[PDB]
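Data block below; observations after.
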Protein chains: 4
Amino acid sequence: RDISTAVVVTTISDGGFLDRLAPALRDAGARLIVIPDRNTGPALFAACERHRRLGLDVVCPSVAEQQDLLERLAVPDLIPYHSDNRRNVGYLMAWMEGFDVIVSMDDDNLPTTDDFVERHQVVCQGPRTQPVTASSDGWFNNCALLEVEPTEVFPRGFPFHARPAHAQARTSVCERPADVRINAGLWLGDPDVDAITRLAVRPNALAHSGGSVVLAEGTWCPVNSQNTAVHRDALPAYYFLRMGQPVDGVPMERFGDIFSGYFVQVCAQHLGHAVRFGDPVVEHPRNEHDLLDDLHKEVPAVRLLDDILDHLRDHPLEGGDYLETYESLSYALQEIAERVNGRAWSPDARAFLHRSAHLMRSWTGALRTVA
Amino acid sequence: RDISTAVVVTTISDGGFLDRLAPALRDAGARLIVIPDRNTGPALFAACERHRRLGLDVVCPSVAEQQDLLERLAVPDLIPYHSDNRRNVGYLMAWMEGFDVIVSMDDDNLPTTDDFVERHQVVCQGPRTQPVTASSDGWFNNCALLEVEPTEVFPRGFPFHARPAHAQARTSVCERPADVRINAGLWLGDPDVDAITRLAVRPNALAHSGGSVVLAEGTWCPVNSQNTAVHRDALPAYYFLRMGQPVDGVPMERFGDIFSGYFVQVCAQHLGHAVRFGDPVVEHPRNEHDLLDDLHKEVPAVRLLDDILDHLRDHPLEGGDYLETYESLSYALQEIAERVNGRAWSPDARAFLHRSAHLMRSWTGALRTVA
Amino acid sequence: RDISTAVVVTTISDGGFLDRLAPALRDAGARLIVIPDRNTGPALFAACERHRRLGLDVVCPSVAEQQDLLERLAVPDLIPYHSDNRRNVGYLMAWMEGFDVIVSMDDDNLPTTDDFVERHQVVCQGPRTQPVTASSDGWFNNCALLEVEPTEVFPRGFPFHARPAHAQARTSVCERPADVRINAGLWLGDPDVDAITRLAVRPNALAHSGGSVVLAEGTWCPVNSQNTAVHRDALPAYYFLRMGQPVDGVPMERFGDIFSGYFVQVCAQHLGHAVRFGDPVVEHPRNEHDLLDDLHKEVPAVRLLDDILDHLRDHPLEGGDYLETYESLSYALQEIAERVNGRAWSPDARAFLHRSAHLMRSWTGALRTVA
Amino acid sequence: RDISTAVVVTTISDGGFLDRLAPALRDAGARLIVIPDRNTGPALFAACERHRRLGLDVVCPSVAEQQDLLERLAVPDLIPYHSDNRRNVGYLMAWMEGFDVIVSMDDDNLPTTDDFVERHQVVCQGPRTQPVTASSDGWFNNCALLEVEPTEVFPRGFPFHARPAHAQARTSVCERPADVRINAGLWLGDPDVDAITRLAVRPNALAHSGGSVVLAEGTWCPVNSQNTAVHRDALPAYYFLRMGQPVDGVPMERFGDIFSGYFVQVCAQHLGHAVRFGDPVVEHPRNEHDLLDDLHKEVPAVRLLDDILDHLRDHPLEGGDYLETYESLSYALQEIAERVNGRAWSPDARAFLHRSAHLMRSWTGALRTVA
Ligand SMILES: Nc1nc2c(ncn2[C@@H]2O[C@H](COP(=O)(O)OP(=O)(O)O)[C@@H](O)[C@H]2O)c(=O)[nH]1
Ligand SMILES: Nc1nc2c(ncn2[C@@H]2O[C@H](COP(=O)(O)OP(=O)(O)O)[C@@H](O)[C@H]2O)c(=O)[nH]1
Ligand SMILES: Nc1nc2c(ncn2[C@@H]2O[C@H](COP(=O)(O)OP(=O)(O)O)[C@@H](O)[C@H]2O)c(=O)[nH]1
Ligand SMILES: Nc1nc2c(ncn2[C@@H]2O[C@H](COP(=O)(O)OP(=O)(O)O)[C@@H](O)[C@H]2O)c(=O)[nH]1
């Protein structure tokens with residue numbers, strides 16, 4: 001096979017998560033690209049070298065090295081600091097170094113099986129006729145593949161308009177050609193639900209009981225960047241979107257991977273590729289964060305996501321590869337920003353899509369400079 | 001007994017809800033005070049007279065009559081228009097006319113039993129040793145008295161900080177003297193949950209299985225104005241709080257009765273009175289409203305309610321009656337507005353408590369002019 | 001000569017300004033394009049019909065005829081209603097009809113001479129060696145051509161950073177080739193100063209004493225749309241910028257023509273064309289408006305204008321005509337939106353330039369459709 | 001006479017202003033109370049110690065000694081840090097220590113004469129029949145007492161609605177009893193104009209030519225805290241108002257002394273006391289700051305000041321001293337906050353007056369504690 005894998009993780013911690021994460025990555029020979037920030041102490045760099053002495057191919061480029069690379073690519077102001085958006089640096093580096101599979105992870109996620117890297121390499125198997133899962137409402141709930149207490153939940157980024165009628169939706173499985181390029185692994189413990197769901201029922205993912213699915217064309221499901229493998233061809237469309245844009249005066253946050261998960265998904269289906277949900281599963285322990293502050297950060301994006309996803313189905317895309325398709329998607333979002341109507345579509349909400357459109361083309365422009 | 005009852009309802013509808021609501025009120029001889037607004041058509045007034053010809057003691061004062069009364073009480077700018085805050089006009093009128101019990105209802109609530117008015121008259125029974133319900137965490141979940149699908153929920157206004165540990169709280173029932181002055185009836189169908197809960201699980205109240213409870217001193221539970229009887233002595237502390245105050249730039253709404261339900265509750269316990277939860281139960285059908293807009297309106301209040309309720313337990317109150325105690329509460333909230341700290345306590349959030357403090361004293365001042 | 005002139009005016013008034021504006025336009029055979037809005041009464045349409053019978057070639061398309069034209073050009077949402085941005089409709093119509101000169105006016109401006117149209121036809125003279133005016137600081141104060149009391153003033157849109165040192169700048173006149181394509185006529189009575197200047201000194205323009213000037217390459221001066229002729233080739237770059245974008249939460253207004261005046265000016269100098277200031281002079285009487293409300297709307301623009309103009313001098317442009325150069329300018333504004341730094345450059349301020357750039361391309365896309 | 005004078009200055013500088021300020025204060029035996037902040041370096045404390053050995057009675061309480069004093073007075077959250085509002089600490093300290101005259105100054109002001117302290121002692125002369133200056137429009141322009149180029153200006157805080165017609169107002173001088181308690185010394189160089197005036201004309205005060213005046217009852221003029229003596233009886237009404245309250249989402253600043261100057265002025269005239277303008281004159285050199293940032297902070301104040309001053313003329317006050325009259329003023333401001341109407345009076349603008357009224361009473365409550 002000779003499939004190369006690079007794991008991208010951004011962090012501002014001391015690096016203690018490497019003690020449990022390294023054995024799963026060192027046995028498979030995959031590279032771990034750790035992207036620190038300006039608010040990251042020197043304990044992380046000392047923890048990376050010690051794990052490298054144990055055999056782990058871990059790279060931790062300092063802030064000066066990251067900024068020097070971004071300035072050499074004419075994008076010095078694209079990726080901000082004091083933000084998890086810096087994982088785009090790891091996406092770029094892993095793509096420059098020619099890795100076949102790029103696995104995006106959070107520093108608080110831990111693999112639960114010994115074949116974590118092997119299962120994520122499913123995005124490099126190629127096209128073949130395989131069981132594909134379709135839904136009559138065009139949406140699939142990946143949380144239905146898990147055993148969740150005390151009630152059924154939806155993943156973060158799932159549109160709220162389609163939730164009440166999703167119970168009556170018909171799910172079909174058919175043998176059809178498909179080419180998996182994005183594999184979204186599931187999570188045990190604290191699932192990836194929005195702040196609205198975590199505040200209401202505080203869900204707990206007990207086990208992974210539904211297996212794995214490959215979504216057919218027209219059936220969507222949000223993809224995060226906490227346990228997701230992306231084939232190197234689809235990485236140009238996996239740019240982690242810049243947050244902070246105000247919606248009716250409230251700065252938007254915590255949805256950078258919601259847009260990127262949908263953007264790489266609509267580009268993949270335009271090119272005849274599919275998204276996979278299921279294994280490998282990680283353990284996401286419950287972190288102690290102000291859930292009311294998470295809600296305050298997620299509401300601005302939630303008010304717009306339903307309309308954005310609705311117009312993306314009506315808008316056809318152009319392109320022969322992910323670079324051309326992602327740039328065609330950026331201009332599509334600018335037409336949507338002026339066509340959409342609603343109470344939450346203030347001038348700053350519309351301009352959010354326009355600024356995001358420029359940053360996405362600035363991302364693709366940087367990838368075209370190295371290539 | 002000779003107990004007089006007045007039902008206060010504000011509406012902007014055509015008055016079609018009177019066809020089913022009048023029989024429950026006409027048989028008991030209670031008065032129905034309907035408060036229209038400027039955005040209310042002339043069909044409501046024609047529907048009130050026809051139901052009055054059938055025997056219902058229904059009063060529907062026009063906007064000109066309401067404003068003339070408020071200007072005669074030196075409060076012309078207290079109650080705004082195009083808002084459900086106009087139910088304060090019904091509170092004032094029912095209190096001026098000397099009614100013993102004032103039942104606050106929404107126009108979309110319908111009694112389910114033939115003893116609706118009789119059960120709400122429990123607030124005029126007087127003090128007596130009776131089973132009182134206490135909780136080790138100081139909070140009672142009235143939704144636990146209902147059969148709810150698909151999972152357990154909390155009422156709108158219940159603090160989020162105490163929800164995770166509320167399952168391990170110990171509930172006790174003891175024989176203690178108590179004087180019920182506020183009776184919060186429950187609701188079937190769509191329960192009174194916040195927008196966070198309704199978006200996540202979309203609860204459905206099937207039946208009322210837990211009976212009725214009287215909360216002891218120190219055990220709180222939010223009280224709404226959709227199906228709640230208030231003894232005429234406690235009405236001065238039941239002022240429906242003015243909404244629209246921005247919190248970090250976002251106008252607050254949909255929590256006018258959350259503050260009033262807590263304010264009349266903390267005043268009642270200071271004076272040795274209690275709040276009752278249970279019967280009579282009404283049917284609240286599910287209305288078709290933008291749940292994401294409700295969330296946008298409720299988040300500003302939700303970010304502050306936990307801290308406000310926390311400081312109210314530390315702040316002692318003064319007063320011999322509800323007028324003195326409510327005014328003492330207003331000054332207490334101004335001290336809290338400067339002592340509280342947090343990320344959501346911007347200058348406009350603190351000033352919200354100060355403006356609310358003036359409006360509450362303006363409400364008590366109006367009641368002292370008629371009295 | 002056989003020069004066709006079209007005057008573009010948008011208004012919501014009754015049309016009384018036609019009585020004093022028609023004689024100067026009817027004696028010259030020019031067309032007046034009146035663009036009404038939704039808040040325009042039916043008395044304006046009757047005013048245009050009477051002056052039509054008096055010999056004035058005046059057209060007044062209803063809002064239904066405006067939206068029909070804008071929809072056929074795939075720009076139904078470009079131009080908003082209840083806004084003076086609707087003068088773009090007159091710009092478009094006059095450009096489709098093939099008029100050589102387009103004179104942009106406000107409805108409260110009145111010509112003071114008989115040769116009003118003849119003087120504005122200077123934009124159709126062609127290139128010739130003529131005295132051009134240059135300034136050592138790169139800025140020219142057109143209000144210095146007027147007699148203003150009680151003190152010297154700068155026009156609306158003049159950068160504030162260059163004002164204190166402008167008195168020390170040297171003004172030189174040289175014989176150089178120039179092609180006048182924009183002619184900004186001056187104004188007596190209430191000059192076109194910003195709300196800051198009008199609140200401080202309330203200037204009064206008494207006379208036009210400085211004659212007329214043609215600015216050399218590198219010397220700029222703001223151009224408004226109240227008394228300005230534009231050659232039809234330069235009209236594609238004269239799109240009246242859409243207002244309402246928030247800057248730190250404050251929506252901007254009253255500066256749509258400030259950007260359009262600078263945008264058509266930087267495009268003209270790139271193509272070797274020049275801007276003229278001086279005659280014909282109009283009379284702008286002191287209007288009736290709250291100056292503090294004008295200030296509240298102009299401050300968000302003023303906070304960004306100096307930085308935008310500074311970066312436009314460094315950013316080179318491309319293009320062979322005004323359509324290509326304007327589109328090149330739009331992409332230049334998006335790069336400036338990410339390189340600029342300052343306390344006023346919040347995320348919404350940067351996104352303002354990105355949304356404006358899309359609307360500029362939407363304007364050029366509509367012109368390329370009729371072409 | 002045996003008149004004790006205390007000069008109050010808050011600063012974050014190194015203390016170099018002490019070299020040119022001490023001689024005028026040391027030769028008069030006055031005390032200088034320097035109030036540092038958290039962002040004040042250790043070089044200031046060494047500067048006060050050297051001038052202490054040179055004979056200057058200068059005190060410089062550390063932020064630990066400030067918070068200890070403010071906590072014992074039950075006002076630990078009244079005065080914020082990183083703000084020039086900390087000059088209230090100097091007002092409090094000088095009042096506790098029993099000084100007769102309190103001179104409020106900024107650290108960038110320098111006396112121009114030897115009798116600086118002696119002239120400020122005019123607030124301790126007592127009542128006497130003296131020439132008082134009245135104006136037919138109820139406003140006096142103290143900048144008319146100075147020689148200002150290039151044109152006439154109004155002081156910061158002067159209402160904008162009264163400026164255009166002020167030139168037509170009649171100024172009369174009459175022999176009437178008056179008791180000067182506030183003396184606002186004038187300023188040369190950069191006068192105390194608002195950011196609107198400084199941006200438009202950049203005034204320069206060349207000389208003090210108009211002498212000094214004492215304003216009659218009904219004639220007002222804004223008083224700042226940069227060069228102003230306050231009799232100790234009037235200090236309770238001279239509380240420097242806390243800034244930062246949003247007006248339509250924009251936080252206000254730079255107007256803390258504008259309100260305090262008007263508040264102590266309306267309280268003084270209610271008690272039969274007068275305000276004086278003129279000598280002693282200081283030199284305020286042109287500072288180094290972004291004028292557009294000053295404008296951004298002053299506009300929210302300017303939008304409300306005219307309406308606040310208009311209602312203060314109609315609202316009568318009560319009280320026998322400055323403590324009672326200031327508290328009566330605070331409740332008067334809350335009634336104005338609900339009666340006032342206008343486009344700038346959003347809910348947060350009204351709540352600004354309510355929170356300010358509580359802080360005013362918190363200030364008076366602390367003074368009644370030490371008393
Ligand atoms: N570069 C960078 N990464 C961050 C920062 N904050 C968080 N992250 C990363 O973003 C991911 C999400 O973190 P967070 O939202 O705090 O997770 P939580 O603790 O479960 O709430 C984590 O895996 C972090 O490694 C930051 O300031 N800079
Ligand atoms: N006076 C007045 N009352 C209102 C207005 N809007 C709603 N209400 C009342 O407030 C209550 C709450 O209404 P609403 O929030 O719309 O209930 P929903 O339909 O279930 O969402 C209703 O019983 C209405 O009678 C209004 O504009 N003016
Ligand atoms: N279509 C349209 N035009 C407007 C509107 N308001 C103003 N205008 C036009 O825009 C120009 C500017 O007017 P205005 O803003 O009132 O200038 P002012 O004198 O400074 O107040 C006028 O000539 C009006 O004809 C509007 O709501 N719609
Ligand atoms: N305690 C404190 N005082 C300040 C601070 N900033 C300014 N001051 C004082 O407030 C006065 C006003 O200064 P400033 O706002 O810079 O005036 P400017 O010349 O118009 O810029 C000065 O005399 C300073 O000593 C601060 O952060 N803390």
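In the structure tokens, chains take the letters A, B, ... in the order shown, each chain's residues start at 1, and ligands count up from 1 in the order shown.
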Any idea what's packed within 8 Å of range 238-245 of chain B, counting only C-alpha atoms, ignoring anything in its chain fewer than 6 positions away? Could you give it as an mmCIF file with N, CA and C atoms, in the first residue's frame?
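Dumped everything to around_35.cif:
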```
data_model
loop_
_atom_site.group_PDB
_atom_site.id
_atom_site.type_symbol
_atom_site.label_atom_id
_atom_site.label_comp_id
_atom_site.auth_asym_id
_atom_site.auth_seq_id
_atom_site.Cartn_x
_atom_site.Cartn_y
_atom_site.Cartn_z
ATOM 1 N N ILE B 79 -45.911 51.389 30.593
ATOM 2 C CA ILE B 79 -46.310 50.204 29.837
ATOM 3 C C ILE B 79 -46.236 50.540 28.353
ATOM 4 N N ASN B 85 -46.465 43.127 27.401
ATOM 5 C CA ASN B 85 -46.330 43.786 28.694
ATOM 6 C C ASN B 85 -47.610 44.502 29.101
ATOM 7 N N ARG B 87 -50.337 43.345 29.708
ATOM 8 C CA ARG B 87 -51.097 42.597 30.703
ATOM 9 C C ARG B 87 -50.999 43.231 32.084
ATOM 10 N N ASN B 88 -50.003 44.096 32.306
ATOM 11 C CA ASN B 88 -49.946 44.863 33.546
ATOM 12 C C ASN B 88 -51.167 45.760 33.704
ATOM 13 N N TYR B 91 -53.609 43.548 35.305
ATOM 14 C CA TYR B 91 -53.245 43.397 36.710
ATOM 15 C C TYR B 91 -53.696 44.602 37.522
ATOM 16 N N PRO B 251 -31.082 42.655 22.197
ATOM 17 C CA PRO B 251 -32.268 42.992 22.998
ATOM 18 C C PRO B 251 -32.885 41.754 23.634
ATOM 19 N N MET B 252 -33.198 41.868 24.920
ATOM 20 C CA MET B 252 -33.773 40.778 25.699
ATOM 21 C C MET B 252 -35.294 40.723 25.547
ATOM 22 N N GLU B 253 -35.850 39.514 25.484
ATOM 23 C CA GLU B 253 -37.291 39.341 25.348
ATOM 24 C C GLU B 253 -37.691 37.982 25.907
ATOM 25 N N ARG B 254 -39.008 37.774 25.994
ATOM 26 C CA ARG B 254 -39.657 36.512 26.347
ATOM 27 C C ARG B 254 -39.415 36.075 27.787
ATOM 28 N N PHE B 255 -38.865 36.943 28.637
ATOM 29 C CA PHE B 255 -38.602 36.596 30.030
ATOM 30 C C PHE B 255 -39.257 37.572 31.001
ATOM 31 N N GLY B 256 -40.295 38.286 30.560
ATOM 32 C CA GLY B 256 -40.960 39.225 31.448
ATOM 33 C C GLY B 256 -41.622 38.545 32.631
ATOM 34 N N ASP B 257 -42.200 37.365 32.408
ATOM 35 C CA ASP B 257 -42.835 36.616 33.484
ATOM 36 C C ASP B 257 -41.855 35.747 34.260
ATOM 37 N N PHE B 259 -38.872 36.880 35.403
ATOM 38 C CA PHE B 259 -38.487 37.766 36.496
ATOM 39 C C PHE B 259 -39.653 38.010 37.445
ATOM 40 N N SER B 260 -40.853 38.246 36.905
ATOM 41 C CA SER B 260 -42.007 38.500 37.763
ATOM 42 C C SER B 260 -42.357 37.272 38.593
ATOM 43 N N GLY B 261 -42.218 36.079 38.010
ATOM 44 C CA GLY B 261 -42.484 34.866 38.764
ATOM 45 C C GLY B 261 -41.492 34.647 39.889
ATOM 46 N N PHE B 263 -39.745 37.278 41.268
ATOM 47 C CA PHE B 263 -39.830 38.427 42.165
ATOM 48 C C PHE B 263 -40.988 38.279 43.143
ATOM 49 N N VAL B 264 -42.163 37.878 42.648
ATOM 50 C CA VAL B 264 -43.292 37.643 43.539
ATOM 51 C C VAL B 264 -43.037 36.443 44.440
ATOM 52 N N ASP B 348 -24.180 47.402 29.704
ATOM 53 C CA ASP B 348 -25.608 47.438 29.400
ATOM 54 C C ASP B 348 -26.375 46.368 30.165
ATOM 55 N N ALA B 349 -25.726 45.246 30.485
ATOM 56 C CA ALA B 349 -26.381 44.222 31.290
ATOM 57 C C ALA B 349 -26.600 44.703 32.719
ATOM 58 N N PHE B 352 -29.407 47.215 32.796
ATOM 59 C CA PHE B 352 -30.727 46.608 32.658
ATOM 60 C C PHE B 352 -31.397 46.437 34.015
ATOM 61 N N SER B 356 -34.760 48.442 35.179
ATOM 62 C CA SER B 356 -35.846 47.624 35.708
ATOM 63 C C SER B 356 -36.197 48.025 37.134
ATOM 64 N N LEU B 359 -38.501 51.076 36.952
ATOM 65 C CA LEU B 359 -39.828 50.738 36.449
ATOM 66 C C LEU B 359 -40.654 49.996 37.490
ATOM 67 N N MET B 360 -40.010 49.211 38.346
ATOM 68 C CA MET B 360 -40.715 48.489 39.397
ATOM 69 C C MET B 360 -41.236 49.450 40.462
ATOM 70 N N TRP B 363 -44.114 51.184 39.078
ATOM 71 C CA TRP B 363 -45.298 50.338 39.187
ATOM 72 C C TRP B 363 -45.896 50.412 40.587
ATOM 73 N N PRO D 347 -33.218 51.820 24.368
ATOM 74 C CA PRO D 347 -33.289 51.317 25.752
ATOM 75 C C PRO D 347 -31.984 51.432 26.525
ATOM 76 N N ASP D 348 -30.837 51.227 25.874
ATOM 77 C CA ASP D 348 -29.571 51.320 26.597
ATOM 78 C C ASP D 348 -29.219 52.763 26.936
#
```
Problem set entry | Residue contacts of range 5-18 of chain B (6 Å, only C-alpha atoms) excluding same-chain residues fewer than 3 positions away, as a VMD selection string | chain B and resid 21 to 22 30 to 36 40 43 to 44 47 87 90 99 to 106
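Between CA of residue 325 in chain C and CA of residue 236 in chain C lies a distance of 9.5 Å.
Secondary structure by DSSP on the backbone puts the following residues of range 85-180 of chain B in strand (DSSP E): residues 101, 102, 103, 104, 105, 110, 111, 128, 129, 130, 131, 132, 133, 134, 135, 146, 147, 148, 149, 171, 172, 173, 174, 175, 176, 177, 178 and 180 of chain B.
Excluding residue 345 in chain C itself and same-chain residues fewer than 2 positions from it, the residues having an atom within 12 Å of it are residues 246, 247, 248, 249, 300, 301, 303, 304, 305, 306, 307, 308, 336, 337, 338, 339, 340, 341, 342, 343, 347, 348, 349, 350, 351, 352 and 353 of chain C, counting only C-alpha atoms.
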For this session: Find the residues near range 178-194 of chain D: any atom within 6 Å, counting only C-alpha atoms, skip ones fewer than 4 places away on the same chain, and give them as number ranges by chain.
Result: D: 123, 126-128, 155-156, 204-205, 227-231, 273-286
For this session: List the neighbours of residue 23 in chain C out to 10 Å using only C-alpha atoms; skip same-chain residues closer than 4 positions along the sequence, and give me the result as number ranges by chain.
Result: C: 18-19, 27-29, 51, 54-56, 111, 114
Could those selected residues go to a file with N, CA, C and O atoms, as a PDB file, in the first residue's frame?
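That gives us result09.pdb:
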```pdb
ATOM      1  N   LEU C  18     -38.901  70.798  -9.916  1.00  0.00           N
ATOM      2  CA  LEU C  18     -38.913  70.816 -11.375  1.00  0.00           C
ATOM      3  C   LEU C  18     -39.204  72.208 -11.922  1.00  0.00           C
ATOM      4  O   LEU C  18     -38.776  72.534 -13.035  1.00  0.00           O
ATOM      5  N   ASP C  19     -39.924  73.036 -11.160  1.00  0.00           N
ATOM      6  CA  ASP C  19     -40.301  74.358 -11.651  1.00  0.00           C
ATOM      7  C   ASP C  19     -39.085  75.247 -11.882  1.00  0.00           C
ATOM      8  O   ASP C  19     -39.081  76.061 -12.813  1.00  0.00           O
ATOM      9  N   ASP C  27     -34.032  74.371 -22.179  1.00  0.00           N
ATOM     10  CA  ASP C  27     -33.414  75.237 -23.177  1.00  0.00           C
ATOM     11  C   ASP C  27     -32.192  74.597 -23.822  1.00  0.00           C
ATOM     12  O   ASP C  27     -31.774  75.038 -24.899  1.00  0.00           O
ATOM     13  N   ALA C  28     -31.611  73.577 -23.195  1.00  0.00           N
ATOM     14  CA  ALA C  28     -30.452  72.884 -23.736  1.00  0.00           C
ATOM     15  C   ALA C  28     -30.808  71.562 -24.401  1.00  0.00           C
ATOM     16  O   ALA C  28     -29.928  70.921 -24.985  1.00  0.00           O
ATOM     17  N   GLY C  29     -32.068  71.140 -24.329  1.00  0.00           N
ATOM     18  CA  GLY C  29     -32.474  69.897 -24.951  1.00  0.00           C
ATOM     19  C   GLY C  29     -31.999  68.649 -24.243  1.00  0.00           C
ATOM     20  O   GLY C  29     -31.932  67.586 -24.864  1.00  0.00           O
ATOM     21  N   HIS C  51     -44.441  69.230 -16.861  1.00  0.00           N
ATOM     22  CA  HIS C  51     -43.216  69.745 -17.463  1.00  0.00           C
ATOM     23  C   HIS C  51     -42.908  69.056 -18.785  1.00  0.00           C
ATOM     24  O   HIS C  51     -42.233  69.637 -19.642  1.00  0.00           O
ATOM     25  N   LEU C  54     -44.666  71.040 -21.235  1.00  0.00           N
ATOM     26  CA  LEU C  54     -44.000  72.326 -21.394  1.00  0.00           C
ATOM     27  C   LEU C  54     -42.742  72.238 -22.248  1.00  0.00           C
ATOM     28  O   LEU C  54     -42.146  73.278 -22.551  1.00  0.00           O
ATOM     29  N   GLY C  55     -42.327  71.035 -22.641  1.00  0.00           N
ATOM     30  CA  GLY C  55     -41.194  70.848 -23.526  1.00  0.00           C
ATOM     31  C   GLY C  55     -40.016  70.127 -22.911  1.00  0.00           C
ATOM     32  O   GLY C  55     -39.042  69.853 -23.623  1.00  0.00           O
ATOM     33  N   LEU C  56     -40.067  69.810 -21.619  1.00  0.00           N
ATOM     34  CA  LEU C  56     -38.953  69.149 -20.952  1.00  0.00           C
ATOM     35  C   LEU C  56     -39.001  67.652 -21.227  1.00  0.00           C
ATOM     36  O   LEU C  56     -40.012  66.995 -20.957  1.00  0.00           O
ATOM     37  N   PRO C 111     -29.461  75.282 -10.693  1.00  0.00           N
ATOM     38  CA  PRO C 111     -28.424  76.005 -11.437  1.00  0.00           C
ATOM     39  C   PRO C 111     -28.567  77.509 -11.257  1.00  0.00           C
ATOM     40  O   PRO C 111     -29.670  78.039 -11.104  1.00  0.00           O
ATOM     41  N   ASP C 114     -27.250  80.271 -17.054  1.00  0.00           N
ATOM     42  CA  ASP C 114     -27.960  79.729 -18.206  1.00  0.00           C
ATOM     43  C   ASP C 114     -27.199  78.585 -18.864  1.00  0.00           C
ATOM     44  O   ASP C 114     -27.821  77.680 -19.432  1.00  0.00           O
TER      45      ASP C 114
END
```
Exercise. Could you pull out the alpha helix (DSSP H) residues of range 18-190 of chain D from DSSP and send them as a VMD selection string?
Worked result: chain D and resid 18 to 26 43 to 53 63 to 72 87 to 96 116 to 120
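Considering only C-alpha atoms, the residue among A:172, A:224, A:151, A:364 positioned nearest to chain B is A:151.
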